[PDB]
Every structure is written in C-alpha cells, then in structure tokens.
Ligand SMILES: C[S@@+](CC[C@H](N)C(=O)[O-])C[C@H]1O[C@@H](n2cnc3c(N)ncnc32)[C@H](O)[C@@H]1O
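What follows is a single chain, given as structure tokens, in the form solved without S-adenosylmethionine.
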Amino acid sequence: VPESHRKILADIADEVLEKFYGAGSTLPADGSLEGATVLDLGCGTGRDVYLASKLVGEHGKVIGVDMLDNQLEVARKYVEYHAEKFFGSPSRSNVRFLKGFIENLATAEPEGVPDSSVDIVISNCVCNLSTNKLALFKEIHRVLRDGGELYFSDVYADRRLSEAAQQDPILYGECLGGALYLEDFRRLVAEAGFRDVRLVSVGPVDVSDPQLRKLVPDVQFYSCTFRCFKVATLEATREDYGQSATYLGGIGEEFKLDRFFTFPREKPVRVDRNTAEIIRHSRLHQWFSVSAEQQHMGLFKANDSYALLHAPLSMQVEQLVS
C-alpha cells in the first residue's frame, strides 16, 4: 500500500476492508486524480472506490460496478459514512455503486454509464473471468472520454495456452486459464480502439502445483499494469516529429508516464508524437509543456531503450522483469 494511501485506508470503514475481495486497483499518481471521474470495474465492497473518492476531491466523481449483490449492499450502505469522513457532511458523496455486468455498463442499475463520461477506468484481475474480452474492451472505450485512460492490472501469458488448460477449473478460478498471450491482448485491445498500450509495471506469477503446471508446462505468466489512452490522434507506430515535453511540477518531484518515459521537473525530454498527444489531450496537459510538431523525422529513436519501445509487448515485459 502506497504511503499516501495509508491514512485514508485507516479512515475507510472496517467492514469495507474486511469483506473486500481481491487485490486493490492501482491508481495513477495521486495528484493527477484531482477532479477526475474514475470508474472501478469489479468494485467489491468499495475499498478502491472510497480511496479514489478522497483522492479525486469533491469536484471529482467515482463509480463502482459489480454483479455481487452481496458486496454492493455493503458498498452502498457506507456512502454517507464516507462523505462525512472525507467531506464533512453525510450528503456530499461523490460516489455511486451500480449493479451490472462489466461487459455492459450502459444497462447497469439504477443508471448506466454514458458514452464519453469517464476519465480513468481502473480494475484488477477482471478480464480472465470475462465472457467476452472484446466486448469488455469496447465498453471501456465507449465510456471513456477523449484523453481518458484505462489504467489496469491483469494476468497475461508469454504464449497461447492449450485447450486443455483453458478448460481446467482450478486454472480458470486462479485467473490463469483465461489469460491472453500478450500479443493477442495487444491485437484485441487495438480492435477495441486502443492503439497504444503502455507498460507501467510487471510482476511474475507462478504456478507451483506440478499437476496444474503440467497443463501449462513452460508458460510464463505475469501480472501487468498497462495504461491505454483513448486519444483520437494516436497511430499504431511511434513517430518522431521533433517534439519535447517538460513536466512543470505539481504532482510529484518527477512524473513517470510509463517504463520508457520519466519526466523530471523542468527538464525537457524528447518524445514521439503518440506520447506528445497523450500528454496534450489527457488531463496530464495541466502539468506539462509540449513543444509543437516539426517535420516528420522517421521512427522515434531519442530514448535510451528505443529498440524495446518499438518491440512487441512480450519483449518489453520480459526485459522489465530481467
């Protein structure tokens, strides 16, 4: 748990924490959250929604969605609690909890999530149980506004699982069975509209049980945090138009966009046009200066890991580990 969060977690109602299923949805840098609308897919008892509530402040909004009666009944009955503790009155809540399938957010209950309404969509380990991954990615792209982002963690594999592994119940329930090969992930998400997938962090996932392991003998699984911006001008490739971006301060000593780009306070960093556009069209614009497009110079090479920046996801994931 990030230090900045511990105090806020100490304030969240014990019953929310005690009954929360799963690991926490990781959040972008806290400062970047101010005033954002954030949606948590598979929100459970609301741990992450309530943490976001505080961080987005009273101008922001937070939405939780889940299909477990159950955990939502608990989420819903602590809204006032948390408005008082964060904003001084039972009546100033900026959260709501919706009941529904995450693959169809338009029909969730009491109200749907409309088109182009969310700045950040977060989730941890919801995809590999999903019934249609494409439909989930398309629904995310729908609810995001331009410049918004899916900032999420899930389990992926370094190769395509066999049919026998995809059918196994214990593998399925551990979010391994339904894991995509990273490259299949990248095509699928692009088919949904996300043309540029940025690696934030990766951890190994191990199958130690030798019976399970025999179904997936040499497969390497990873827990990957990716960020996928919805920005109309992104291309499939990472092109140099001569630009530089400069982090102006305000949300930390330095801003780490992904594993290739870190921006120190007031130091110009050369960027590809995709990165320049993400910065310009997302909420991040508020803390950056981005220089104007020159003439095209070819593929972007002005990064000390440029070869990896252009390589398949597999290769990026495997080296950030090694």
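Numbering starts at 1 and follows the sequence shown.
Just so it is clear, the following notes concern the form solved in complex with S-adenosylmethionine, a form of the same protein that is not shown.
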query: Contact test in the deposited complex: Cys43 vs S-adenosylmethionine, heavy atoms, 4.5 Å; finding: yes
query: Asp272, heavy atom within 4.5 angstroms of S-adenosylmethionine in the deposited complex; finding: no
query: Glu103, heavy atom within 4.5 angstroms of S-adenosylmethionine in the deposited complex; finding: yes
query: Residue contact check: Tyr21 to S-adenosylmethionine in the deposited complex, 4.5 Å heavy atom; finding: yes
query: Contact assignment for S-adenosylmethionine in the deposited complex, among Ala135, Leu188, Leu129, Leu248, heavy atom within 4.5 Å; finding: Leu129
query: Interface stretch in the deposited complex with S-adenosylmethionine - options 161-169, 191-199, 94-102, 240-248, non-hydrogen atom within 4.5 Å; finding: 94-102
query: In the deposited complex, residues of 106-128 near S-adenosylmethionine [heavy atom within 4.5 Å]; finding: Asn124, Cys125, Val126
